[PDB]
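One chain is shown next in structure tokens, namely the form deposited in one PDB entry.
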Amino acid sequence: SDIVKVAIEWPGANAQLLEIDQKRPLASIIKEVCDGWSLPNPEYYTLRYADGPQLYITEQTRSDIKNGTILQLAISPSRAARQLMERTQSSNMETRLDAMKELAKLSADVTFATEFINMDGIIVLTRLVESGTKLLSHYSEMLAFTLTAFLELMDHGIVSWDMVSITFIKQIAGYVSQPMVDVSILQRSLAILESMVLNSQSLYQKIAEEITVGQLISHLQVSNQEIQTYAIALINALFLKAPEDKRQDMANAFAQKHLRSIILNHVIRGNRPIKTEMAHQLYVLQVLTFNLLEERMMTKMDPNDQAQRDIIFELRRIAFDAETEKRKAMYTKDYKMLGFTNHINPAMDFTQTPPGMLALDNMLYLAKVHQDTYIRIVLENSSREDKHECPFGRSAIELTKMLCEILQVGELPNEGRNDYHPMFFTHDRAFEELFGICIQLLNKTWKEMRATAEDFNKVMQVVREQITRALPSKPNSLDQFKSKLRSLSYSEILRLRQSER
């Protein structure tokens, strides 16, 4: 009643065509097949798919066999695992190489892997890496197969990553930290370190000590996109696993060794088009990078802290002192003409989280790094006692909040996204630079709308539309982003809105 038509093949023989009763034990089928070819000891054999990854057939997966499938009679997984336990440890180096090749093939099959793992097969591989001689020089091909088999076995999730010795860890890290070796070995070594880091806080700690920022970044400079992808993956893994209180230091260390420009020049603008898995790693890197802003975003100012109040005083001084009766008039209004809602105690405005102290950081950056722009914006609006001034303090806080929303500061990385904004790979302080560009935009839009204070939320909405219609054009640089914004003036936003209506 429940039948599947298959052909079963064996080297040197003609196929047997069977109508397999799915109620019959596989052992009965295999004995039939063996008898057909005069093979003794049917219990030594099993069936596997002839095509694809050639998986072993079990009483489970036999249900998936489609009519007309070609199967092969093969050595059973248990006997194959025992044979490879012997041969991967042969003193005959050709025997060992051949065995490791076969082990790398079979280890992807969980039916085989469980047999091999249950004889401490993984320890055969780790002991070889720990103590084998001339592995990189004389036996690099064998070593690549060894590492392939190791990673395939570990990927079945049967045993904990914490089983690995400090000696094995150090050897794998050694392959990464060395003036680059074989590409196959480096690829697998990076892959193993990534998996170790992701799966164990203990392994993360040991690995973080064994590899330098410089060594990791150097691997981004190879022309091989898979090496580059695993290098960024390992970097991402270290960031993901780093304690909250160490992640910022790590970012500064990578930044000082030019991680960003190396990615820009060797990946983003590289000869080889970026394929999906590299794109995904660039997405994760950008998510982790924006999340470095999250703590400050959620930090409230302490309005009773004189040092923090003094930062706002400094901000005001930089602008107001660039302006004498006029200057006096500004200061008599406390912080009103710097545009804070809380005129007398602007520190209170920085207790809103988001954006909290991040907004203060952005303002101080603009004032220290782009003083002329800062002064222009404040002074065009600090003597304005018609209701048309653009309030700097209030605007900057709301803009910082808006940028955090747009760029999704605080969002976790997930499996489904591969998107990133390439212009953030073009400047060490791209977030702060973006703030400066967007506060100039906000002031331009404000003036284009002849806005008053009552219009504040409407202007912010236009500015939000401007920014978010510019980003999907994927500007290559901050300058390109600026050019794009110029093509989205208030009058253009009006036209686009009308076209929707």
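We call the rigid core whatever largest set of C-alpha positions still superposes within 1.5 Å between the two forms. Start at 1 with the first residue shown and count on from there.
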Task: Interval residue 361-residue 362, deposited residues with no coordinates in the entry (none, 1 to 3, 4 to 9, 10 or more) - done: none
- [ ] Averaging only over Cα atoms, indicate whether 440 to 448 or 25 to 33 has the higher B-factor in the PDB entry.
- [x] 25 to 33
Task: Per the entry, higher mean C-alpha B factor between 491 to 499 and 2 to 10 - done: 2 to 10
Task: Out of 410, 413, 77, 303, highest CA B-factor residue - done: 303
Task: Identity of residue with top Cα B-factor, from 455, 433, 465, 51 - done: 51
- [ ] Consider only the C-alpha atoms of the modelled residues in this chain, order them by B-factor as the entry records it, and name the third containing residue 241: lowest, middle or highest.
- [x] middle
Task: Assigned third (lowest, middle, highest) for the C-alpha B factor of residue 474 - done: middle
Open item on the list: Looking at the temperature factor on the CA atom of residue 329, which third of the chain's modelled residues does it land in?
Closed with: highest
- [ ] Would you mind checking where the Cα B-factor of residue 150 ranks among the modelled residues of its chain, as the lowest, middle or highest third?
- [x] lowest
Open item on the list: Quick check on the deposited entry: does the C-alpha B-factor of residue 65 sit in the lowest, middle or highest third of its chain?
Closed with: highest
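Unshown form deposited in another entry; subsequent notes refer to it.
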- [ ] Shifts of 2 Å or more in the Cα, rigid core superposed between the shown form and the other one, apply to only one of 109, 361, 226, 194; name it.
- [x] 109
